[PDB]
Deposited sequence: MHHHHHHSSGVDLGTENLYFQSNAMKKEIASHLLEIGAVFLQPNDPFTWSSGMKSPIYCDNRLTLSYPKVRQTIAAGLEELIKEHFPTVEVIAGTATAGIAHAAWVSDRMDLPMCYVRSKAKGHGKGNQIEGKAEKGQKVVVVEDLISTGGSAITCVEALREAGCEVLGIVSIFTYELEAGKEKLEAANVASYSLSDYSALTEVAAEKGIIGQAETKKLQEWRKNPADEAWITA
């Protein structure tokens, strides 16, 4: 659990190619923003054991932090499916139409693949709150730990926990020799100011 789980999960994500790092040759995201990292947890679908380890971890986060949960909401659908089955709970998903039942007062936990800028997380929470549900919080597989997302969730009073995060993944990548100390500095600078291209030459 905690730090051990974060490093173990980061190791798996790197190993299966669900998270890529290229600090010396930046990726360009669909927004046009340069980044040393990209996460695509859709790839976990192809790994039956790794995806189960992830679903078990998400379930453990829910039991630990949101034990009164009544409904699981995905945005993500596959992992919400795996979590809701392990917990024998109704599921719904949010496109902002909600598919599946989400009734007034029901206690909901959101399952997200990734917390990035916070926009997509807030969009999902807002849909559920609009429907009358009590959103307990969010559990996600990964988070880039960006200040923008942190502030958005804090301001909306949404508790959020992730199985692994950028910090753990940077450390594991260095332990593995994928990156070194020079790239670690670039990774640290990107997280602090992701839209500022100074990180590229940090």
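Report the unmodelled segments of the deposited sequence as residue ranges counted from 1. No coordinates exist for the deposited residues in 1 to 20, 96 to 98, 119 to 127, so these stretches are absent from the model.
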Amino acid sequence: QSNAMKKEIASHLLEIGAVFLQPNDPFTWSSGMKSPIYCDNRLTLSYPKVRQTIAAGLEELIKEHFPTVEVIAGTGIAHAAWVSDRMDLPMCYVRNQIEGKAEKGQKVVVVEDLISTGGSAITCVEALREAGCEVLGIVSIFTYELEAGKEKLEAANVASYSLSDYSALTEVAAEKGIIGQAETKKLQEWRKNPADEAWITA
From here on, numbers count along this sequence of modelled residues.
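If I read the C-alpha B-factors straight from the PDB entry, which of 114, 109, 127, 102 is highest? Reading the PDB entry, the winner on C-alpha B-factor is 102.
Item to check | B-factor third for the C-alpha atom of residue 14 within its chain | outcome: Ranked within chain, residue 14 CA B lands in the middle tercile.
Could you look up the Cα B-factor of residue 192 in the entry and say which third of the chain it sits in: lowest, middle or highest?
For residue 192, the deposited C-alpha B-factor lands in the highest third.
- Query: residue 48: which third of its chain by C-alpha temperature factor?
  - Reply: Its C-alpha B-factor belongs to the middle third of this chain's values.
For residue 159, does the deposited CA B-factor place it in the lowest, middle or highest third of the chain? It belongs to the middle third of the chain when residues are ordered by C-alpha B-factor.
| In terms of the CA temperature factor given in the entry, to which third of its chain does residue 83 belong: lowest, middle or highest? | Its C-alpha B-factor, which the entry lists for residue 83, ranks in the middle third among residues of this chain.
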